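# Understanding the architecture of this molecule
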Amino acid sequence: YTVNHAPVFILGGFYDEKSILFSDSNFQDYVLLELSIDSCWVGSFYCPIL
Amino acid sequence: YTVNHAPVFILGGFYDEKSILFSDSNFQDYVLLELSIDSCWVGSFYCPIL
Amino acid sequence: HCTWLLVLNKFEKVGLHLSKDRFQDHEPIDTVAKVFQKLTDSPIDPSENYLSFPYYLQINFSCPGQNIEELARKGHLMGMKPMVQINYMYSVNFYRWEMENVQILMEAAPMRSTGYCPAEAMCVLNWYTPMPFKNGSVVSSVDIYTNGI
Amino acid sequence: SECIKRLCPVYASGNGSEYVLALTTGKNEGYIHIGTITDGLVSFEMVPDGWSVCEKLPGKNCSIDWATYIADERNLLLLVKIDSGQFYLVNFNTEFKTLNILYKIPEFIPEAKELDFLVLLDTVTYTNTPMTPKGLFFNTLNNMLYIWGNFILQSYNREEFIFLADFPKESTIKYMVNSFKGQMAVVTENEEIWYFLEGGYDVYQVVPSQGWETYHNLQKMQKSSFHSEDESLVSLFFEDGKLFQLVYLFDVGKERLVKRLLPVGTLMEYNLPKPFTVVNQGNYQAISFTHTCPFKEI
Amino acid sequence: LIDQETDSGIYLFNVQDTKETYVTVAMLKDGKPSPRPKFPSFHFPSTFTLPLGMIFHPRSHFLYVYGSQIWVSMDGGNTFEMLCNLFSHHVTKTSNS
Amino acid sequence: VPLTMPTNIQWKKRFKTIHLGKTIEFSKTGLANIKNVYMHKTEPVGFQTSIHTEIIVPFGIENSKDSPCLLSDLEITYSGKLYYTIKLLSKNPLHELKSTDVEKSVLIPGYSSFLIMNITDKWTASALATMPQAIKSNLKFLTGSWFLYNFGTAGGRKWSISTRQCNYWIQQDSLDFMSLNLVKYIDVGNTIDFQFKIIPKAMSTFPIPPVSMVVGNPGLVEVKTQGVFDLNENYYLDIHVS
Amino acid sequence: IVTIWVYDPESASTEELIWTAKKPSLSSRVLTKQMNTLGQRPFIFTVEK
Ligand SMILES: *[C@@H]1O[C@H](CO)[C@@H](O[C@@H]2O[C@H](CO)[C@@H](O[C@@H]3O[C@H](CO)[C@@H](O)[C@H](O)[C@@H]3O)[C@H](O)[C@H]2NC(C)=O)[C@H](O)[C@H]1NC(C)=O
Ligand SMILES: *[C@@H]1O[C@H](CO)[C@@H](O[C@@H]2O[C@H](CO)[C@@H](O[C@@H]3O[C@H](CO)[C@@H](O)[C@H](O)[C@@H]3O)[C@H](O)[C@H]2NC(C)=O)[C@H](O)[C@H]1NC(C)=O
Ligand SMILES: *[C@@H]1O[C@H](CO)[C@@H](O)[C@H](O)[C@H]1NC(C)=O
Ligand SMILES: *[C@@H]1O[C@H](CO)[C@@H](O)[C@H](O)[C@H]1NC(C)=O
């Protein structure tokens, strides 16, 4: 996040779930979220991510 | 496609590849295509498609 | 036995290109005035102006056991003429267009495809045909059939 | 709004507009989506209104197996499976908001040993083989409806329906394509097609057959390059009253796709299973086998 | 042969010590034939053992090359078609009306 | 074509293009018009030639007096390598299989053809199947479902190949055009037209027009042709020449 | 005033077979509405005039 000016916080990095731990304050109140965004993967040639 | 007014043709249904067989005429000239559409899957609860 | 063969052509490449051209441009250009003014003794009004469509129709016919070019050479040396008749299907709208059905009947033309040509007069040869397309439709059924000889 | 489970076609072209149907599972089970495009200007909506379709029929939930649209008279015909596995064909009007149950598709498929066409009365016996629909079809020139699946049904009105004895219940329908001139092609999951003419009632088998084998060998010694011993029926369809099929070939040096005609007139003209009669002529016996056509020429 | 319907000259060439036979059509310049044929010359298959000549059908444009085999050509003579083959046999003469 | 027979004399048992357009006639009864010649030197064993023909006279079948095996049930199965075993279900000692029943063809309308060359028992024979690619099982028949044909050379060949009768009639109603040789002059501008009528006397090619016209010199003459059909396939043609 | 409907003799009611019916049976009614749907209409024609 920015040095001091971030009004929110976002943290993910789970095992396989597209869930974040968005919370105000400094994670005094960890309110979990399930992210809308679907689950997409690019295709081929130019791209590869597998 | 429409009864007579379709100026193109589209057919896929492959094993796993996001490819169609789009062609003019009546598939006299089968020119294959790879769609630039990302491969997306929806998430959960309301939805399932697994 | 004997069948026809149609491949669309890019009109700047009448002879040097025999491969498959695709239908891309839908604008007819005005590069005909400099050739239409070359006439002197023909019943043509100089007041009006004309303008060509893009793309050409290529026609040649194949029968098994021989080569396509020798078949086409035989065809023209006999008097083969491909009659083409195109019928147009109106688009699904009737509010901003009409349902009018129109057809054009044309005869093809003979064209000595440009190359080295070690022979003197008869050489590689392919029939060519104009390609019109009107405003308000997409569906064009083309019909190719023999002249009769 | 997502969770779309199926796309469904609208073949017709009316009101200067084209139509598609979106069926959705997971959520909004009692609801469907109608998508109308007016000359490239696209819109979609959720037609079954505030009430779920489960309000006006028994059961609890509703599953939309298949739906179809009729631009004339602003109609929707769709078949709903209910929680007890029963399939009910219900019609719906978009101009005024009704849905009405129009058929209660009976199960436990009946028998017809010789009743080649069977009006589906009530006093009909039933066999242990069940019924399983996979969709319907509308032929809107004569204003009639087809029901496919493990069986075929048809009608002109919407009161009764006719069952055809020839088509078995041991083969399930892949799909059905149309001439819009009177010719029905019905493809099965067995990769076999059946040809039916609207004037008659009998459904004529085509591709595993005497006529097809004769045609195939005839082409083989015709030595063409459109027929190969190994083939894949990639697709098939209709155009100006002629059946085309897109077929791929794995032939060595000829691993190629092409479209070819399937002339069914010749195909069932080469059907040698037929009556034969032996007469005596000039103190010799000749197979002067009988003529089944009612006339000579038309 | 000299044909007046198209004003051309037809040569039936056969190279010795080789089964190659072919037909060439040349244009007449001031009553004198020229090189550079109108179209590529027509080569017969190697099965033609011996040719013995050709004949135009009178008052027509049908050409007939005869010998160990019989080919018929319409048009100027660019294309010839089999009609009959004679193994170890050759036609001697022809009478036609 | 009999197996184990020299390559240089294969032509003596082969169809050639001379048979195109001729007709086949049977001594008993029958007349068919030849339409095509087919060559397949590999796919069928024992057969390399075929002719596609059209029946006008429906041909004569074998009697039961000379061949008493007709009054029984047939059962055809696959033999070991490439033959086919034919068995007569009736063990009646009146029917049997006579030694004169060689080079005969047994037909069932709807299935393959079988030629008998060997009789290994009094009710069991060996045969070759024409087009053996559509059997895939063991077949059974009855007394009056199959027939015999005798087209072999044994005892005298009984079929003939010969030319056919005239089948096309030319009708020209216009005066001074009936002459088989015609020379017509045209100046600059004026055109000359003529009409012909074509009348078939047998089965006629409805889709393909039956008169092909050829031009000696297309560079000086313009030829416009129309060809239409009648109800009884009478062909009206007219050509304008300028 | 005459009332007319279509009946099949093989699958008709007993009363229609003896001309004592006043109301068509189920099969007769369904076949009659099918004939109206496919478009069959009777009419009566006096013989003498
Ligand atoms: C008769 O008309 C046909 C139709 O155009 C001509 O066939 C076309 O010939 C061109 C050759 O210039 C083909 O192009 C080829 O493309 C392949 C793949 O792109 C390439 O590998 C080849 O080297 C060649 O460039 C073209 O595909 C072909 N049309 C079709 C539909 O296959 C034909 O040439 C004409 N006859 C004569 C005598 O010119
Ligand atoms: C679709 O319909 C429009 C309307 O008719 C067509 O556009 C018009 O086409 C004509 C002739 O092709 C154009 O006339 C030309 O104008 C130029 C410039 O003034 C002049 O130099 C020429 O001598 C000739 O008169 C006209 O300008 C053009 N109008 C517009 C707005 O583009 C169009 O061709 C139709 N579409 C197709 C595919 O044909
Ligand atoms: C809700 O609908 C689904 C789909 O038809 C069905 O399987 C399920 O049983 C229904 N729910 C209940 C409680 O019956
Ligand atoms: C089978 O045919 C061959 C060849 O004609 C012959 O030599 C042999 O004797 C035959 N065998 C029988 C059992 O007929």
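Residues numbered from 1 in each chain as written, not as in the entry; some residues may be left out. Chains lettered and ligands numbered in written order. Part of a larger assembly, values for the part shown. Heavy atoms only, no water.

Its PDB header names cryo-EM as the technique used to obtain the model and reports a resolution of 6.8 Å.

## Concerning the overall build of chain G
Secondary structure summary: chain G contains two helices and zero strands in total. Overall, the C-alpha framework of chain G stretches about 35 × 30 × 20 Å when taken along its three principal axes. Every one of the 49 residues in chain G was classed for burial, and the buried ones make up 8%. When the accessible surface of chain G is summed, it comes to about 4600 Å², and 63% of that surface belongs to carbon and sulfur atoms. Across chain G, the centroid of the 6 positively charged side chains sits 13 Å from that of the 5 negatively charged ones. (Helix = DSSP H or I, 4+ residues; strand = E, 2+ residues; numbered from the N terminus. Buried < 20%, exposed > 50% of the residue type's maximum accessible area, 1.4 Å probe, protein only. Areas by Shrake-Rupley, 256 points an atom, 1.4 Å probe, with all protein chains shown as cover. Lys, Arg positive; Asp, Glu negative; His and termini not counted. Charge placed at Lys NZ, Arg CZ, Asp CG, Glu CD.)

## Topic: the interface of chain C and chain B
Counting residues at the interface gives seven residues for chain C, matched by five residues for chain B. Carbon and sulfur atoms supply 70% of the area that chain C and chain B bury against each other, a total of about 480 Å² over both sides. Seen at the junction of chain C and chain B, the total is zero salt bridges. Linking chain C with chain B are zero residue pairs in polar contact. (Contact = heavy atoms within 4.5 Å. Buried area = accessible area lost by both parts, 1.4 Å probe. Salt bridge = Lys/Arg side-chain N within 4 Å of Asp/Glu carboxyl O. Polar contact = N/O pair within 3.5 Å; in protein donor to acceptor, adjacent residues only side chain to side chain.)

## Comments concerning the site of ligand 2
Residues and elements named next belong to chain C. Around ligand 2, the structure places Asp30, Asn49, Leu51, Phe133 and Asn135. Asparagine 49 is positioned with one of its side-chain polar atoms (N or O) 2.6 Å from an oxygen atom of ligand 2. Residue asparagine 135 places a side-chain N or O atom 2.4 Å away from an oxygen atom belonging to ligand 2. Taken by itself ligand 2 offers 750 Å² of open surface, and the protein chains cover 30% of this. Among the residues forming the shell around ligand 2, the class breakdown is two nonpolar, two polar and one charged. (Near = heavy atom within 4 Å. Nonpolar A, V, L, I, M, F, W, Y, C, P; charged D, E, K, R; others polar.)

## Description of the environment of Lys35(F)
Residues and elements named next belong to chain F. As for its placement among the helices and strands, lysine 35 is situated in strand β2 (residues 31-39). Separated by 30 residues in sequence, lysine 35 and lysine 65 have C-alpha atoms that sit 35 Å apart. Once residues lying within four places of it in the same chain are set aside, the contact partners of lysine 35 are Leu20, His52 and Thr53.

## Comments concerning the state of the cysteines
Residue and element names in this part refer to chain C. By the definition in use, this model includes five disulfides over all chains. A sulfur-sulfur separation of 2.0 Å characterises the disulfide bridge that pairs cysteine 2 with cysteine 63. Looking down the S-S bond of the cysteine 2 and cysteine 63 bridge, the torsion is 120 degrees, so its handedness is right-handed. Of the two residues, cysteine 2 is situated in the segment before β1 (6-9) and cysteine 63 in the loop between β2 (56-59) and α2 (68-78); the sequence distance between them amounts to 61 residues. The disulfide bridge from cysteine 117 ends at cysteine 123, spanning 2.0 Å between sulfur atoms. (Disulfide = S-S within 2.5 Å.)

## Some details on the site of ligand 1
Residues and elements named next belong to chain C. With respect to spatial proximity, the complete set of residues near ligand 1 consists of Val7, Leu18, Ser19, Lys20, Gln58, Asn60, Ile68, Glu69, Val124 and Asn126. For ligand 1, an oxygen atom lies 2.5 Å from a polar atom in the side chain of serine 19. Measuring from an oxygen atom of ligand 1, one finds a side-chain N or O atom of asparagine 60 at 2.4 Å. When ligand 1 sits alone it has 750 Å² of accessible area, and the protein chains cover 49% of it. When the residues that make up the shell around ligand 1 are grouped by side-chain class, the tally is four nonpolar, four polar and two charged.

## A word on the sheet that holds strand β13 (residues 162-164) of chain D
All names here are of chain D. In space, the five strands of this open sheet follow the order β9-β13-β12-β11-β10, with antiparallel pairing throughout. The outermost strands of the open sheet, each flanked by one partner alone, are β9 (117-119) and β10 (133-139). Averaged over all pairs of adjacent strands, the angle between strand axes in this sheet comes to 25 degrees, irrespective of strand direction. Examined bridge by bridge, β10 and strand β11 (residues 144-149) share six bridges and lie antiparallel to one another. By the bridge assignment for β11, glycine 135 is matched with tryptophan 148. (Pairing = 2+ DSSP bridges. Axes fitted to C-alpha atoms, helices over the stretch in contact; angles between N-to-C directions.)

## A word on the sheet that holds strand β15 (residues 223-229) of chain F
Strands pair in a sheet through their backbones, by hydrogen bonds, and they do so in one of two ways: parallel or antiparallel. All names here are of chain F. Read from one edge to the other, the open sheet built from four strands follows the order β13-β14-β16-β15, with strand pairing classed as antiparallel. Where the open sheet ends on each side, the last strands, each with one partner, are β13 (168-171) and β15. Neighbouring strand axes in the sheet, compared pairwise and without regard to direction, differ in orientation by 20 degrees on average. As paired elements, β13 and strand β14 (residues 192-200) share four bridges and run antiparallel to each other.

## Regarding the layout of surface pockets
Empty space within the second largest pocket amounts to approximately 2100 Å³. Every residue lining the second largest pocket is counted, 36 residues in all, and those nearest its centre are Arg59(E), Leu180(F), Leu182(F), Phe194(F) and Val214(F). Elements represented by at least two residues in the lining of the second largest pocket include exactly β13, β14 and β16 (235-241) of chain F. The element contributing the most residues to the lining of the second largest pocket is β14(F), with four residues. (1 Å grid on protein atoms, 1.4 Å probe; cavity = no way out; pocket = protein on both sides within 12 Å on 5 of 7 lines; lining within 4 Å. Points joined across faces, edges and corners; volume = space filled by probe spheres on them.)

## Observations concerning the interface of chain D and chain F
Listed by partner, the interface residues are 15 residues for chain D and 22 residues for chain F. Overall, the association of chain D and chain F removes approximately 1600 Å² of surface from exposure, summing both partners, and the carbon and sulfur fraction of that is 64%. At the junction of chain D with chain F, the criterion picks out zero salt bridges. Connecting chain D to chain F are four residue pairs in polar contact. Secondary-structure elements contributing two or more residues to the side of chain D that touches chain F are α1 (210-222), β21 (278-281) and β22 (284-287) of chain D. For the side of chain D that touches chain F, the element with the most residues is α1(D), which contributes five residues. Counted by class, the side of chain D that touches chain F contains nine nonpolar, four polar and two charged residues.

## A look at helix α2 (residues 26-38) of chain G
Its 13 residues place the ends of α2(G) 18 Å apart at the C-alpha level, agreeing with the 18 Å of an ideal helix rising 1.5 Å per residue. Following α2(G) by one or two positions, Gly39(G) has its phi on the positive side, about 95 degrees. (Expected span 1.5 Å × (residues − 1).)

## Describing the environment of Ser27(G)
On the secondary structure map, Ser27(G) appears in helix α2. The partly exposed category is assigned to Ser27(G), whose relative accessible area is 22%.

## A short note on the pattern of salt bridges
Under the counting rule described, the total for this entry stands at twelve salt bridges over all chains. Of the charged contacts in the structure, one is a salt bridge between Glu111(D) and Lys113(D), with a shortest N-O distance of 2.6 Å. For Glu111(D), a relative accessible area of 30% translates into the label partly exposed. For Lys113(D), a relative accessible area of 65% corresponds to the exposed category. Residue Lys104(F) pairs with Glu62(F) through a salt bridge whose shortest N-O separation is 2.5 Å. Residue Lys104(F) is located in strand β7 (residues 104-107), and its partner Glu62(F) is located in the loop between β4 (60-61) and β5 (74-78); the two are separated by 42 residues in the primary sequence. We note that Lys104(F), like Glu62(F), is buried. Shared partners join several salt bridges into a network, and the residues in it are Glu69(C), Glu70(C) and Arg73(C).

## Here's the deal with unusual backbone geometry
Unlike most non-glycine residues, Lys223(D) shows phi in positive territory, near 65 degrees. Tracing the sequence through the fold places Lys223(D) in the loop between α1 and β18 (232-239). The phi torsion at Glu233(F) lies on the positive side, around 70 degrees, for a residue other than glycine. You can see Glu233(F) is positioned in the loop between β15 and β16.

## So, the environment of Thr140(D)
The topology assignment puts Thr140(D) in the loop between β10 and β11. The spacing of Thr140(D) and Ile70(D) is 70 residues in sequence and 8.2 Å in space, taken between C-alpha atoms.

## Some points on the side chain of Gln154(D)
Residues and elements named next belong to chain D. Residue position: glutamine 154 is located in strand β12 (residues 153-155). Relative accessible area serves as the criterion here: at 9%, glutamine 154 is assigned to the buried category. In contact with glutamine 154, other than residues within four places in its own chain, are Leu145, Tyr146, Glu160, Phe161, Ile162, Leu164 and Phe196.

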